[PDB]
Amino acid sequence: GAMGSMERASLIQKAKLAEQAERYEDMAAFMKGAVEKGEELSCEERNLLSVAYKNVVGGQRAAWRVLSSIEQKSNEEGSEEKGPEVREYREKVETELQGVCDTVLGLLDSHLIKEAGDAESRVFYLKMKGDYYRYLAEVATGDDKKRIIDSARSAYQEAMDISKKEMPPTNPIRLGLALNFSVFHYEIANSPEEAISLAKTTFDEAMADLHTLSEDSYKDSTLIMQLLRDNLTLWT
Amino acid sequence: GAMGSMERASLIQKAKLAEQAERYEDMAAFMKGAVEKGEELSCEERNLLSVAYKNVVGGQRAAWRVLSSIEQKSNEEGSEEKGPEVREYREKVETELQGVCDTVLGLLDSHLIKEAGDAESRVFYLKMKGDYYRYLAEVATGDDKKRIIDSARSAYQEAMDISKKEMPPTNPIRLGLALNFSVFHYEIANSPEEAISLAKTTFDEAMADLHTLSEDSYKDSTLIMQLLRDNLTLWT
Amino acid sequence: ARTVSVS
Amino acid sequence: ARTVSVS
Ligand SMILES: [Ca+2]
Ligand SMILES: [Ca+2]
Ligand SMILES: [Ca+2]
Ligand SMILES: [Ca+2]
Ligand SMILES: [Ca+2]
Ligand SMILES: [Ca+2]
Ligand SMILES: [Ca+2]
Ligand SMILES: [Ca+2]
Ligand SMILES: [Cl-]
Ligand SMILES: [Cl-]
């Protein structure tokens, strides 16, 4: 696209500069450009891609929730008719969010996932696929909500099967995958008991493997375990 | 432009929704559309315009400073040559910032200022003109830095002359004007003594007029006075 | 306090 | 602590 004339290494350099300047839309465009060069991504590069789009979609999700809440309060009894503006603007934001999710899912499909052979890359990409279908599910209403949910579930499940066979229980990618899949169960799939069971089992198996870790790896794993504990404290 | 088909009242409604969702780029586009309808702005509408663009340019100024600092550290002795990427990306951000300032200045020139007869609107717009020339001055280097500085100064001075004749010393617009003009002296015009004198004189004349105010007006004025005091504490 | 995903 | 403009 518009990044077609820039060197891959320059795109990566600029992505890091954009991160430092908190220019996440720029960061995402640079990383998209790097992906479209056709070479596989390193661990560092995968994390840049993820950070960039997470921040972009994060802003859109937060706006959407504000506007959806205003829209819902307009559709109470006793509320004054104010015209189509709230719905129109919520739809605009919603459309832009769906466009970002579609862009990420397109990159994963062309051709990050099919080229990803090592467990660390394949699980990372399949987790991302789950996450961006989950974001689409948060705003879906019509007759595709069920198919979107099933696409999220299927991506997460495949990632879980690989992570269980190929990674230690303390691996941060495995832990983050399990955390997000539990959020899927709780908030999207209406399965709070499944969410709780997964979070507990994940926490306990990591706890029993901590003894194998260096001081630095210990810190990385226990950070994510703390997020599992926070959810469990809220859910139970 | 793209907002040409939307009703003026709808644009204003959506600007307020965008503010609640912290979507300031959207907010700015809606308010630009409202301005281009050709009618004068109310006090509330003027403040929406100002909030929207202040937040947009605020983000760009903050990014520019990050990147400028990295660029300067690259041009020290002992630093490793890393190629043109830092300069290129700083220039991109700089260009986008100049484009936003140019958009605001264009709206003021076509035709907000010439239609503004009451002191409260005319001072508000002339202060804005000063502010956006000051933002351009922060990034100017070449042979137009001096002309940009003189355009800022001239706008601020005209606003000050009107505010002194037509508004009480406690008026928040008058106080904010004086605060920003003092920042101009200190940071742009290399005149710290002029900055200090203006801040002190402004503070003291407001202090002596507070007795005339209601509880709510008192709170509005003393908030801005506190910012004058903060600067003075730093500068002296 | 609300449900959190990985940060 | 740095110079502030009106907020
Ligand atoms: Ca090349
Ligand atoms: Ca009513
Ligand atoms: Ca829709
Ligand atoms: Ca491969
Ligand atoms: Ca009309
Ligand atoms: Ca060296
Ligand atoms: Ca330039
Ligand atoms: Ca008029
Ligand atoms: Cl809209
Ligand atoms: Cl660039």
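Counting starts with 1 at the first residue shown.
Determined via X-ray crystallography, 1.8 Å.
Cβ coordinates are placed from backbone N, Cα and C, and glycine is handled just like the others.
Record features (the PDB entry):
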SEQADV    A:1-5  expression tag
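According to Swiss-Prot:
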MOD_RES   A:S10  phosphoserine
MOD_RES   A:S79  phosphoserine
SITE      A:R61  site 'Interaction with phosphoserine on interacting protein'
SITE      A:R134  site 'Interaction with phosphoserine on interacting protein'
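When the CA atoms are compared, no recorded positions among the candidates A:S10, A:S79, A:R134 lie within 10 A of A:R61 (site 'Interaction with phosphoserine on interacting protein'). In terms of local Cβ density within 10 Å, A:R134 ranks first among the recorded sites A:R61, A:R134. Under the DSSP three-state reduction, A:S10 (phosphoserine) is assigned to helix. Least crowded of the modified residues (A:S10, A:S79), judged by neighbouring Cβ atoms within 10 Å of its own Cβ: A:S79. In sequence order, the recorded positions from A:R61, A:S79, A:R134 that place a Cβ under 8 angstroms from a chain B Cβ amount to none. Reported as a whole number, the C-alpha separation between A:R134 (site 'Interaction with phosphoserine on interacting protein') and A:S79 (phosphoserine) equals 32 Å.
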